[PDB]
2 protein chains.
Amino acid sequence: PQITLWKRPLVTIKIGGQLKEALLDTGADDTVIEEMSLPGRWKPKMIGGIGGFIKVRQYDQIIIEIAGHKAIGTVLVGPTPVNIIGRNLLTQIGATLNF
Amino acid sequence: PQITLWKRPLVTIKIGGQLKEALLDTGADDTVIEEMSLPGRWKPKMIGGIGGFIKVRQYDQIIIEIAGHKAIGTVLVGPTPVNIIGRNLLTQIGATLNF
Ligand SMILES: COc1ccc(S(=O)(=O)N(CC(C)C)C[C@@H](O)[C@H](Cc2ccccc2)NC(=O)O[C@H]2C[C@@H](C)O[C@H]2[C@@H]2CCCO2)cc1
Ligand SMILES: [Cl-]
Ligand SMILES: [Cl-]
Ligand SMILES: [Cl-]
Ligand SMILES: [Cl-]
Ligand code: NA
Ligand code: NA
């Protein structure tokens, strides 16, 4: 698809058996999901941006379905104000910025 | 251009005759630049990032070139870590997300 940017680029994702809405975010290095349980090992991480840093749990090798496209990678879980699909997973679905 | 996301989508911008680096950010509603001098009056704005809210200065109708494309629109100035081109200016340069 072609997604214009008049509004936030929100899509449906499936992660950990749950449907969520998430923002396709080219400015995010990382994928960050609101609090939820995921299987397997995790380790703590700090991520920062506007307003400072938050602590998250880092889960590696997590499968997400993003607008119908399956990907696998690291997913961070913590008190993000919105679910964010960052570049680590946008690359895997072949997303590009065009102008 | 078609910009892939394996690296950060950094471009050169020109604002007030100055070249700067900035991030093309589909997750940003607005454009936010590091402290600099802009002409005219400013209005107050609070923006919310990963870490919380910050105060910025909102300057309207500012001339800005983004990767060679002309834009004229709102620029927020404040303590952002990186210069961010958000959707208010990405729409002016015709940017879309594609996969
Ligand atoms: C209203 O206009 C706004 C409001 C907010 C922002 S923003 O906070 O920058 N933000 C909104 C988003 C968190 C929902 C845009 C993000 O793309 C934002 C842009 C940015 C900010 C500061 C330094 C570098 C890059 N990315 C961002 O915060 O990314 C961090 C969080 C996590 C997802 O990944 C992190 C890493 C390190 C920084 C880059 O990627 C921009 C404009
Ligand atoms: Cl919107
Ligand atoms: Cl990854
Ligand atoms: Cl590619
Ligand atoms: Cl905001
Ligand atoms: Na894992
Ligand atoms: Na102005």
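Read the numbers this way: they start at 1 and go in the same order the structure lists the ligands and their atoms. All chains are named by letter (A, B, ...) in the order of the sequence lines, taking the proteins before the strands, and each is independently numbered beginning at 1.
By the criterion of side-chain heavy atoms lying less than 4.5 angstrom apart, applied directly or through intervening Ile, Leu, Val, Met, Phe, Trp or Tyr residues, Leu97(B) is grouped together with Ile93(A) in one hydrophobic cluster.
Looking only at N/O/S atoms, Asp60(A) comes nearest to the Na ion (ligand 6) through O.
Counting heavy-atom neighbours within 6.0 Å of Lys14(B) NZ, excluding the residue itself, gives a total of 12 or less.
Residue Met46(A) belongs to a hydrophobic cluster whose other members are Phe53(A), with links defined by side-chain heavy atoms closer than 4.5 Å.
Distance from atom 24 (C) of ligand 1 to its nearest protein heavy atom, with residue and atom name: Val82(B) CG2, 3.3 Å. Remark: minimum distance from atom 32 (C) of ligand 1 to any protein heavy atom is reached at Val32(A) CG2, 3.7 Å. Among protein heavy atoms, atom 41 (C) of ligand 1 sits closest to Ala28(B) CB, 3.5 Å. Remark: minimum distance from atom 36 (C) of ligand 1 to any protein heavy atom is reached at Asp29(A) OD2, 3.6 Å. When hydrogens are left out, the protein atom nearest atom 6 (C) of ligand 1 is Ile50(A) CD1, 4.0 Å; that is the closest non-hydrogen contact.
Heavy atoms of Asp25(B) found under 4.0 angstrom from ligand 1 belong exclusively to the side chain. With a heavy-atom cut-off of 4.0 Å, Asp30(A) touches ligand 1 through backbone and side chain alike. Residue contacts with ligand 1 for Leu23(B) involve side-chain atoms from C-beta outward but no N, CA, C or O (heavy atoms, distance under 4.0 Å).
Between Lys45(B) and ligand 1, no pair of N/O atoms sits closer than 3.5 Å. Looking at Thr80(B) next to ligand 1, no N or O pair under 3.5 Å apart turns up. Residue contacts with ligand 1: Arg8(B) is placed with no nitrogen or oxygen under 3.5 Å of a nitrogen or oxygen of the ligand (distance criterion only).
The pair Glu34(A)-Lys20(A) meets the salt-bridge criterion, with a side-chain N (NZ, NE, NH1 or NH2) lying under 4.0 Å from an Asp/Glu carboxylate O.
Between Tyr59(A) and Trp42(A), the ring planes lie tilted relative to each other; the angle falls in the 30° to 60° range.
Against a heavy-atom cut-off of under 4.0 Å, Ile84(B) is close to the following atoms of ligand 1: 9 (O), 21 (C).
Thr31(B) and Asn88(B) are linked by a side-chain donor-acceptor pair at a separation below 3.5 angstrom, with hydrogens and angles left out of the test. Side-chain contact, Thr74(B) with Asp60(B): a donor N or O sits under 3.5 Å from an acceptor N or O.
Contact annotation: the side chain of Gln92(B) never approaches that of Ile66(B) to less than 4.5 Å [non-hydrogen atoms, C-beta and beyond]. Using a 4.5 Å heavy-atom cutoff, the side chains of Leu10(B) and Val82(B) are not in contact.
Not a single heavy atom of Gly86(A) sits under 4.0 Å from any atom of ligand 1.
Under a 3.5 Å cut-off, the side chain of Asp29(B) and the backbone N or O of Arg8(A) do not form any donor-acceptor pair.
Atom 4 (C) of ligand 1 has its nearest heavy-atom neighbour, among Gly27(B), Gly49(B), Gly48(B), in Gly48(B).
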